[PDB]
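Take a look at the structure set out below.
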Amino acid sequence: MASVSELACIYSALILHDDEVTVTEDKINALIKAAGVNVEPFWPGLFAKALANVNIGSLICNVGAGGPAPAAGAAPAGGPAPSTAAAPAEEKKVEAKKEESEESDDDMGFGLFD
Amino acid sequence: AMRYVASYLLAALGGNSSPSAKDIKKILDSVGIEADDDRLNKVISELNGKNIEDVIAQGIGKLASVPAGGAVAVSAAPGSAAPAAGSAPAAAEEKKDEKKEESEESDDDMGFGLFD
């Protein structure tokens, strides 16, 4: 390899990608300083003033245009988990006569139909 | 997903073909990023002496940044207060006059009593 300039700037770029850190001139310059490489201030300056909102793979073609980046999201799930049932309920209703009546006759052929 | 790969690249491309995990950390910490020493050395020992010139020349994809894994974010399991057997409600000041009612649903009370 010989493209150390754009290499360092690109590695610095993607290292500053989307973390607790910010994609800024100071930060690329700091990473380049941290490694001890040589890149012309044009790359770090341009990169820091051009990126900061340019997803990630963008930097592969930032010299031409770039492009978007697809994303995804996770959806929660669950459900009801029943436990135990039924409880002793000793009740009693006041009833004496059952299926009977204190009046009964022929009880048949009554004119109550249409 | 990104790791410490481009940080290794920072070390190597810096002009020092000698993987100092400390210096990978140094590059991460230089600007203020929460890098972990174990994780970085582990990915470094996974990448130890691998395709450097290749990852440099045509490997601008998965390099270095937020360490892959997610590290728990917005996630929980449905495990709240365990329900009672079915009786004993949580009344405000349940301490006044023991009351036995409990009438809702009944389906077979076993109908026994051989307890002796």
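Naming works like this for the structure tokens: A, B, ... for the chains as they're shown, residue 1 at the start of each chain, ligands 1 onward in shown order.
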Starting from chain A, keep only residues with some atom at most 10 Å from an atom of chain B, counting only C-alpha atoms, and report them as a ChimeraX atom specification. /A:1-5,7-22,26-38,56-60,74-91
I need the alpha helix (DSSP H) residues of chain A per DSSP on the backbone, written as a VMD selection string. chain A and resid 4 to 16 25 to 35 42 to 50
Straight-line distance linking atom CA of residue A:24 with atom CA of residue A:48, stated in Å to one decimal: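 If I compute the distance from atom CA of residue A:24 to atom CA of residue A:48, I get 4.6 Å.
Interatomic distance, atom CA of residue A:25 against atom CA of residue A:41: 9.0 Å.
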